Amino acid sequence: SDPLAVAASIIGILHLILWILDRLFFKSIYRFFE
Amino acid sequence: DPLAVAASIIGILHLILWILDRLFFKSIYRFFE
Amino acid sequence: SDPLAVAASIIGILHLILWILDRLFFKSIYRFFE
Amino acid sequence: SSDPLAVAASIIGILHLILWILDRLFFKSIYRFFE
Ligand SMILES: N[C@H]1CCC2(CC1)[C@H]1C[C@@H]3C[C@@H](C[C@H]2C3)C1
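Bear in mind the residue numbers are our own, running from 1 along each chain as written, so they may not match the entry, and residues with no coordinates are left out. To label them, take the chains in the order written and letter them from A, then take the ligands in the order written and number them from 1. Neither water nor hydrogens contribute to the side-chain values; these are computed over all heavy atoms in the structure. Residues with missing side-chain atoms are left out of burial classes, side-chain pairs and their counts.

Per the PDB record, this model was obtained through X-ray crystallography at a reported resolution of 3.010 Å.

Have a look at this one:
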């Protein structure tokens, strides 16, 4: 239970979540003008 | 730790999906150049 | 844990922060000109 | 100080930072000649 390890884990989870949300928005936007 | 394993697998899938996304968008925005 | 894990944790936190600033900049540019 | 999964994820995180840095660098560059 290193603080850096736990923070890095949570940040990786949040990073992938926000990435799929951002790219979902952008892929839905680009899925209309093509 | 289960948290470390979850974060590791999420990081690997994140890199893989980001690479596929980058290939998609680089081959989609490589026609303009 | 080991230097590899510590550096990887610092780097993952940096990566989240950097991608946050990148997407915030792009969303602020696409939230005023669209 | 050795989990194979942890070492793999660490190397992957470093390479991910490097690749995203290069991606956004050349992206910002392309978006620097167009603005
Ligand atoms: N992309 C980051 C890189 C650092 C780790 C994943 C998230 C990796 C696996 C676990 C254990 C350490 C710290 C994080 C969680 C090394």
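From this point, things continue past the structure.
(A) Quick peek at the interface of chain C and chain A. Residue-level contacts link 11 residues of chain C with 13 residues of chain A. In the side of chain C that touches chain A, the residues fall into 6 nonpolar, 4 polar and 1 charged. Contacts are assigned to residue pairs with any non-hydrogen atoms lying within 4.5 Å of each other. Nonpolar residues are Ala, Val, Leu, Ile, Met, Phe, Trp, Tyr, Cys and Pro. Charged residues are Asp, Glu, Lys and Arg, and all others, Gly as well, are polar.

(B) Region of interest: the interface of chain C and chain D. Taken together, the contact between chain C and chain D spans 14 residues of the former and 11 residues of the latter. A per-class count over the side of chain C that touches chain D returns 9 nonpolar, 2 polar and 3 charged.

(C) Region of interest: the relation of the copies chain C and chain A. A least-squares fit on the C-alpha atoms is what superposes the copies onto each other. For the pair chain C and chain A, the superposition axis carries a translation of 0.3 Å, the fit reaches an RMSD of 0.7 Å, and the rotation angle comes to 84°. What the rotation and shift describe, once combined, is the action of a four-fold rotation axis. Judged by C-alpha distance, C:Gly12 is the residue of chain C that lies nearest the rotation axis, at 5.0 Å.

(D) View of the packing of helix α1 (residues 2-28) of chain B against helix α1 (residues 4-33) of chain D. For the pair α1(B) and α1(D), the least separation of the axes is 9 Å and the interaxial angle reads 30°. As far as their axial angle goes, α1(D) and α1(B) are roughly parallel. When the axes of α1(B) and α1(D) are compared, the crossing they make is left-handed. Contacts between α1(B) and α1(D) pair B:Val5, B:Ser8, B:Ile9, B:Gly11, B:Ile12, B:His14, B:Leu15, B:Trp18, B:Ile19 and B:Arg22 from the former with D:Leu5, D:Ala9, D:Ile12, D:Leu15, D:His16, D:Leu19, D:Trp20, D:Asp23 and D:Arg24 from the latter. Per-class residue counts for the contact of α1(B) with α1(D) are 12 nonpolar, 4 polar and 3 charged. A fitted line through C-alpha atoms serves as each axis, taken over the contacting stretch for helices, and the angle formed by two N-to-C directions is quoted from 0 to 180°. Runs of E in the DSSP output that reach at least two residues are strands. Runs of H or I that reach at least four are helices, and both are numbered from the N terminus. These descriptions rest on fixed angle ranges, namely under 35 degrees for roughly parallel, over 145 for roughly antiparallel, 65 to 115 for roughly perpendicular, and the rest for oblique. A crossing counts as left-handed when the near helix is turned anticlockwise from the far one by less than a right angle, and as right-handed when that turn is clockwise.

(E) Spatial organisation of the UniProt feature "transmembrane region" in chain A. UniProt positions are given in the numbering used here, feature names are shortened, and annotations may be inferred rather than shown by experiment. When the UniProt feature table is mapped to this numbering, "transmembrane region" covers residues 1-21 of chain A. Note that residues 1-21 of chain A is 90% helix and 0% strand, and that its end C-alpha atoms are spaced 29 Å apart.

(F) Representation of the packing of helix α1 (residues 3-30) of chain A against helix α1 (residues 3-29) of chain C in the model. Packing of α1(A) against α1(C) leaves a shortest axis separation of 9 Å and a crossing angle of 30°. Taken together, the axes of α1(A) and α1(C) are roughly parallel relative to one another. For the crossing formed where α1(A) meets α1(C), the hand is left-handed. Where α1(A) abuts α1(C), its residues A:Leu4, A:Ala5, A:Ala7, A:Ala8, A:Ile11, A:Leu14, A:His15, A:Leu18, A:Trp19, A:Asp22, A:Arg23 and A:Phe26 lie against C:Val6, C:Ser9, C:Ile10, C:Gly12, C:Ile13, C:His15, C:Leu16, C:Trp19, C:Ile20 and C:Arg23. Its residues assigned to classes, the contact of α1(A) with α1(C) shows 15 nonpolar, 4 polar and 3 charged.

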